[PDB]
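Protein chains in written order, with the authors' numbering: chain C, 48 to 296; chain E, 1 to 37, 47 to 437; chain F, 1 to 426; chain B, 1 to 426. Built from N, CA and C at the ideal position, the CB exists for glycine as well.
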Amino acid sequence: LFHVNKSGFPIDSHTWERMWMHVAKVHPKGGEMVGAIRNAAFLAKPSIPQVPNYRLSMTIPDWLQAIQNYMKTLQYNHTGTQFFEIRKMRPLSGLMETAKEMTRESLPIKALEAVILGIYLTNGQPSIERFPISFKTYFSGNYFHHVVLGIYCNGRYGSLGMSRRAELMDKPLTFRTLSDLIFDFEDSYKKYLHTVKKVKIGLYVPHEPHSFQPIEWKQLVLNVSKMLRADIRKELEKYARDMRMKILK
Amino acid sequence: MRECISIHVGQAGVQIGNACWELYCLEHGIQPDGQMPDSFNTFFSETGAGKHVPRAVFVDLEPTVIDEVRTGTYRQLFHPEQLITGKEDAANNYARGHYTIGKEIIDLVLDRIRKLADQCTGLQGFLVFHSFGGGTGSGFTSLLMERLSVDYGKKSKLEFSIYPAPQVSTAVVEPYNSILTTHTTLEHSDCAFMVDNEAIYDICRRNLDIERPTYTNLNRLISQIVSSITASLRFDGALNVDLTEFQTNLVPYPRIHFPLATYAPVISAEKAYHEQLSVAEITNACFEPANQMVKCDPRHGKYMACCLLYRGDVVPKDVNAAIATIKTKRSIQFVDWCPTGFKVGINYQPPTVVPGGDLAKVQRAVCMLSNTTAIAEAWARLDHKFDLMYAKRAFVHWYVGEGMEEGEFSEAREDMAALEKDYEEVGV
Amino acid sequence: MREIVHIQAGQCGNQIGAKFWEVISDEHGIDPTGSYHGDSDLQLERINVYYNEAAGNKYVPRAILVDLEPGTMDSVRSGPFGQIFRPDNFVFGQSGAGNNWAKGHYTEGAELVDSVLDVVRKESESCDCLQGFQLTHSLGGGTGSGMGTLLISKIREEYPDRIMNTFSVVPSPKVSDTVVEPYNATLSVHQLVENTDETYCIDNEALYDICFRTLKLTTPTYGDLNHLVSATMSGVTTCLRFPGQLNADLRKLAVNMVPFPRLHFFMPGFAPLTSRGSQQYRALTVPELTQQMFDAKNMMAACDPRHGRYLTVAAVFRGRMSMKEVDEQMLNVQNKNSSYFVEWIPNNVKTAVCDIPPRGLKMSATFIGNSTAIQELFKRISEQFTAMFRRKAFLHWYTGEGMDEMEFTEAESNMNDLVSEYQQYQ
Amino acid sequence: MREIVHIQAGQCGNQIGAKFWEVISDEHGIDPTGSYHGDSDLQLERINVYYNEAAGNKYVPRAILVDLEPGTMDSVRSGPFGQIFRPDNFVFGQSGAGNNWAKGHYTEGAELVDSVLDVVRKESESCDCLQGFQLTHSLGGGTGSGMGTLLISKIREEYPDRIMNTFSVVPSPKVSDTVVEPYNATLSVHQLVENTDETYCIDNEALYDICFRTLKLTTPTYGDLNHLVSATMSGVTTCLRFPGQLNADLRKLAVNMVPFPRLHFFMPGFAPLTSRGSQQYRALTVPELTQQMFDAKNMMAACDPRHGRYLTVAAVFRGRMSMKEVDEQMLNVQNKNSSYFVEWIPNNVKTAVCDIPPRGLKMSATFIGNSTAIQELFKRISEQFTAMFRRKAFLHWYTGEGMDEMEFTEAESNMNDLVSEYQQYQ
Ligand SMILES: Nc1nc2c(ncn2[C@@H]2O[C@H](COP(=O)(O)CP(=O)(O)OP(=O)(O)O)[C@@H](O)[C@H]2O)c(=O)[nH]1
Ligand SMILES: Nc1nc2c(ncn2[C@@H]2O[C@H](COP(=O)(O)CP(=O)(O)OP(=O)(O)O)[C@@H](O)[C@H]2O)c(=O)[nH]1
Ligand SMILES: Nc1nc2c(ncn2[C@@H]2O[C@H](COP(=O)(O)OP(=O)(O)OP(=O)(O)O)[C@@H](O)[C@H]2O)c(=O)[nH]1
Ligand SMILES: [Mg+2]
Ligand SMILES: [Mg+2]
Ligand SMILES: [Mg+2]
């Protein structure tokens, strides 16, 4: 499994050599390009993507699109080594500090820190409202998990996130219902012959950055595979109504 | 060990709770100030120096009725914090109670329910009192019932609602509120007990011969029924029926849990002299259509399951003879798949009489609960009322503007269509 | 908590407000000096709805008296129950509007409205849970019709969540003193529809008839009409101030009585009304009150409901009384008079009860009717407007202080719309 | 210990100081003969702050009086409470400054400065722990504007480590009784910025508005304005003399309210100010005091606080009152008015509470604000300055006293500099 940087910055010797051993092992050709990049005297300096700023004139779907293209520009991590250690139960303010230092450094990003970045970017807009979604799925005799960030601006459901695949990480605000969104995710997942087993939905995140409220991820959980989609849709629409009225607590 | 905590919501709930707690205080001997001059353990808690505090939580979004209780004759009984108030009522609006004004107060009451439940060694269940017509007693009870179901998933909740009457009404948007409350009272309850004001008015006009009754008489009768239900936990008798034994023998299918109560003998203090009041007579009186506390016709429906909770000077042989006589009647039509449908319980404690009430000092009484199918009609009329208003979308702008959406009306109506279909399905 | 700010504009507003405050003070047992001498404790625990406490156990009304002539203020402070008002709350101008809508809404009312808003704001933050406002004025004039419209327009912007009430005395067809009532009436009632919640229309001809036949008064004057209107004012809002078997506060009447958002033009009524000579010949019971309320000769708007069904009705009873009598009688009155009710409303009556009757009486009842027959008032007013607008008469006085010709047509179109909507359900 | 020296220059300063000494003596229970006839022991406990004991157990104020015209001393000694001052502390000139700044600072002001420094020095060695000095004067003149600045410059040369508290009366545009105010005003404030720690600007226009509108006075003489200013002055220095729940002397206010060294110009307030008629229609609670303090019509300098933010605020309450009330009030006052407060200072209110209120009240509160709206005044003065200096009007009189012309340009430059510095944080 992919390992996590924990020495702050810069990267310590142990994690450095561990990552290089990992990439040497997995890469079939292996040592040639690895050693070439190690002993490369000069390499092209990557540019710094500029953090976009909210503007009132331009519309909110284009805002979500803009954050999505910036995230795409940030070169999604497939090196197999996390660079910013995240804790689920940690209070929100620590995650805001993590998000702002991550934007300062602008390194490769995975799904969890991608949705944290999305929360950090969208925290400035009371009209926009966002929450997490998680899937636990089954394929090839092993279980895998994925996480994305849903949005409910202007009475419409949309999705942001990251993945090595293309269509599993970005949807627009064009969904009347949350059920249509999650079933679209299920169909895209089936397109790769991966079976979703369980689906989990949390809560709207508070709009105050400097707070200690933790992020909820398990407030709703279903076993999607066993049950027929009608009951799933009914329970999900009940839950969406319970959420947008702020009743759940 | 055998304890229940009662919750009173809205004006109707609080005003019935007044009569209920007066009745319990008279039953167990407690003075209005709490000082007695071990059956009390079900409802009361001793707090040293011989002071008994009720296990009650009075709630309302308006400090006008709870203020009357606070300054009334029972000011020294309830714990001062148990009485919980707001600032502005729900205003006959479901959405004001369930969404806007209710969310600022629910935590303060759930904390006290938790604090009360911690004091119980063994908790039996809840007793929620409310009314369907109101906005507090619909939205707030929906919110509270959802939260209690999430928190205490095992305990059984028994509602005692005041269903709107066919003719007499004191509000223009009762159908909307009732249809919205039905979802919570069907999903989260265990035994909803429906009541009408017209039926009890007629009962006092015929039997008690009170030509100009008011809400005090109605609340006293309802309180007498509630005291009859929970008699087996407090006192002792030949055949005892607690809440879970009570729920079984009455609920054949998980959704069919809407019985309707009855009581007998209700008579004036002067008419008792000429009347024998034997067991057979009160048993027959319980089954007549003129003593039902819902304006409904039991003759057009079959009794699925029945339960006769006796109390006072009774012995099982007369009860058996009475039930045998009842079962051979042709008007009393039972359902085929229930060859026996009579649960019996007996207590040695006869009924009590409040000093200011117009009821006779009887020697034996019976509370008759029935899961009959006639109550569908009592719902059907109300659905008709809904159909007249929702066609024009009348009064809907208040509900949508308060926060609620519009599809909730349609889905509540379809759920009532489903419920009536289910009630018609059985008894075929 | 649940306290109401009261505003008075024009001459009708000021006089009716003086009478209304006299009635409320009598109800709570308040001196004309501000002290308290009530016998019961139920007169104090809700005194904060209308009154503020002061040093020395005195109570000051939460009123705001406004006009463009110091004569009205002088008359108010000189009369009885005059010195209880806070001196700062009086707000006056130099010279009256002189019966000109433009003068009281664009030129002279506008300069002074800032002070009035400041006083309203100071009064409103001195209370915790503000229920809403209520205003008294006239439609046929400049100072009351015009400036009060501006005042409610601004207060609705600074307080979008609260509730507004306007007891506006409406022009009468026959009883007429001024010659430009239609213009001011139309211009103000353009705005009254869109910035209030409950408009209780009143008409002087109906009150004159009530004093003539029902009370047999020899020479009735404005004191008696103001007394009846103030009785209605006190009757509407009793459930906020006293305990009752079935309470009904202002938002409850609003939710029950307003089916569609624009249909909120009610007319009131009051019972029992009887002559002093014929006091002894009435049995004084609930059926008498119920019959008198629904009579055609008792409503305080010059209109016969026989040409229009009742969308909704509210009845606030007061006194120690039964609940079966009230509900059964409100059923018989609705069954026999089925032609005079709308069929797509199953229940048309909202009953509320308070346990405290008025001072002299021992049981009373306030009636509020949202009938569809009130369209005829606006019909005759629009007819008069059209007749005087064909000539374009009296119009330079309006255009000469910052007003345009088009606004008159806009208001007339709006009133055609409103009358069409009320007629749509008949 | 922590004693204060009080100096008075000019007719305006002398009269305000006389009223201030009358107020202070009344607060401490001192007879006008200098004897003590009070009741409590708290009065004697800190009497040494403003007084010196003398043989016979009398108390003499620690005050110095200066002017260039002997009439003011005659009026002061003749007037009430004028005998308490010892004669040797009076010093006078031959001929007044004639509203000439250069005369009161270069020509005849130098020939008398030695006596005032000598008596100030003699008074400063009559103590052990000196907190600072305080001076009353007017910027619109020659005897208070010039001699005053000369005096504070000399003293700040002598005692760099102490503090000064100049309660200067600034000249108003509309209420002007002099032709050459801008020249003197600018020439003085050139030197006030550097040689002073706290300057409280007072304006006659705002004071007159307070008397007319709030106190409802008919003919406000200078006595009433001097009484208001004296009340503010006594409010500022109350924590030095009486105990409280949260004390705050002069240096604590200086560190709390001076974010940057040059931004030390304040405008005070005071509450409760109530007319005689409206005495009984008020409750006298902490919310009332806090609302009256922050009212735009309660400021003692003719500026609109709405036209700028508050860098820092102080409020010295006076009376037996809860602390939760104060904390919640000065919290919600910031919450509602977030636009009027600076974002980069998380807390803007330095609250202090004393226990002994004024003699004729139960509660009081002296408000001191440091807003960016003060510079308004300076711009107006600058405008008047550049109106007259362009054509060199009245300027030969100042050059005839040996003053050069470039000093006017330098002072105007300092004026633009200070106004820009205040404008910066907005
Ligand atoms: N019940 C009452 N009706 C009144 C009273 N005074 C007037 N009315 C009626 O009001 C009508 C005109 O009202 P106003 O004179 O107050 C119009 P307003 O003063 O607000 O504007 P200006 O005339 O420009 O001052 C008049 O025709 C009368 O028939 C009153 O005291 N009581
Ligand atoms: N609140 C008060 N303001 C005053 C008082 N006296 C003056 N002022 C104002 O002071 C301004 C000028 O004050 P002064 O007469 O003291 C000028 P000064 O005497 O220092 O110079 P010379 O006249 O040359 O001696 C004048 O415009 C008045 O508007 C006062 O007693 N109280
Ligand atoms: N039997 C009986 N019914 C009552 C009593 N009080 C009120 N009701 C009924 O309650 C119905 C309306 O519900 P309310 O309790 O008044 O409304 P609410 O629950 O208080 O909610 P709000 O309107 O927001 O105050 C009416 O139709 C009454 O018939 C009572 O004391 N006894
Ligand atoms: Mg209520
Ligand atoms: Mg007038
Ligand atoms: Mg002078």
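- Annotation: E:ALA400 to F:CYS127 spans about 42 angstroms, alpha carbon to alpha carbon.
- Nearest Cα to E:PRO32 within the set E:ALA389, E:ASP47, E:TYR83, E:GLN15: E:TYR83.
- Here F:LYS19 is not near F:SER364, since their CB atoms are 7 angstroms or more apart.
- Selection F:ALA185, F:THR312, F:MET300, F:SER115 evaluated against F:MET415 yields F:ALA185 as nearest (Cα-Cα).
- Flagged as an interface residue toward chain E: F:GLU325, by a C-beta distance shorter than 7 angstroms.
- Taking 8 angstroms as the upper bound for CB-CB distance, F:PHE265 and F:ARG46 are not in contact here, some 29 angstroms apart.
- The contact set of F:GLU53 on chain B, defined by CB atoms closer than 9 angstroms, consists of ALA283 in chain order.
- Counting only residues of its own chain and dropping the five nearest sequence neighbours on each side, E:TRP407 has a CB closer than 7 angstroms to the CB of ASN102.
- At least one heavy atom of ligand 4 is found less than 6 angstroms from the C-beta of E:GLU71.
- Around the beta-carbon of E:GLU207, 16 or more other beta-carbon atoms lie within 10 Å, marking it buried.
- For F:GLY142, the shortest separation between its Cβ and any heavy atom of ligand 6 does not lie below 6 angstroms.
- With fewer than 16 other CB atoms across the displayed protein chains lying within 10 angstroms of its CB, E:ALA389 is exposed.
- From the listed residues E:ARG422, E:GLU414, E:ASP47, E:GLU423, the smallest Cα separation to E:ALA104 is found for E:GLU414.
- For F:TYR310, no alpha helix (DSSP H) encloses it; the enclosing beta strand (DSSP E) starts and ends at 310–318.
- C:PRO219 and C:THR120 have their alpha carbons spaced roughly 18 angstroms apart.
- In this structure, B:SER138 has its beta carbon less than 6 angstroms from a heavy atom of ligand 2.
- Taking all protein chains shown into account, E:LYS304 has 16 or more neighbouring C-beta atoms within 10 Å of its C-beta and is therefore buried.
- The beta carbons of E:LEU378 and E:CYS316 sit about 5 angstroms from each other, so the pair counts as a contact at 8 angstroms.
- Nearest in C-alpha terms to E:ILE355, of all of E:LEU242, E:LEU167, E:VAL14, E:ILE30, is E:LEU242.
- Sixteen is the threshold: when 16 or more other Cβ atoms of the shown chains lie within 10 Å of the Cβ of B:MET257, as they do, the residue is buried.
- Listed in chain order, the non-local C-beta contacts of F:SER420 below 7 angstroms within the same chain number zero, local neighbours out to five positions each way being set aside.
- Three or more Cβ pairs closer than 8 angstroms define a contact, and the region 1–17 of chain E meets that threshold against the region 149–161 of chain E.
- In the structure shown, the three-state DSSP call for E:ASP431 is helix.
- B:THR232 sits close to B:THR366, with the two beta carbons spaced by under 7 angstroms.
- Annotated three-state conformation of B:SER95 is coil, per DSSP.
- Relative to the Cα of C:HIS50, the nearest Cα in the group C:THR150, C:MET136, C:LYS157, C:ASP109 belongs to C:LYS157.
- Assigned with DSSP and collapsed to three states, B:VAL286 falls in helix.
- Distances from the alpha-carbon of C:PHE232 to those of C:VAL195, C:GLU263, C:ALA91, C:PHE259 put C:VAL195 closest.
- Linking B:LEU42 to F:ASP39 through their CA atoms gives a straight-line distance of about 46 angstroms.
- Taking F:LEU284 as the centre and dropping the five residues before and after it, the same chain places the C-beta of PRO272, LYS362, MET363 closer than 8 angstroms to its C-beta, in chain order.
- Under the 7 angstroms criterion on CB atoms, F:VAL60 is classed as interfacial with respect to chain B.
- Within 6 angstroms of the C-beta of F:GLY13 there is not a single heavy atom belonging to ligand 5.
- Inclusion of E:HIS61 and E:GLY34 in the CB contact set at 7 angstroms is warranted, their separation being smaller than that value.
- Taking the C-beta atoms as reference points, E:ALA201 is found no nearer than 7 angstroms to E:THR193.
- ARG221, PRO222, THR223, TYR224: these are the residues of the region 218–242 of chain E whose beta carbon lies less than 8 angstroms from some beta carbon of chain F, given in chain order.
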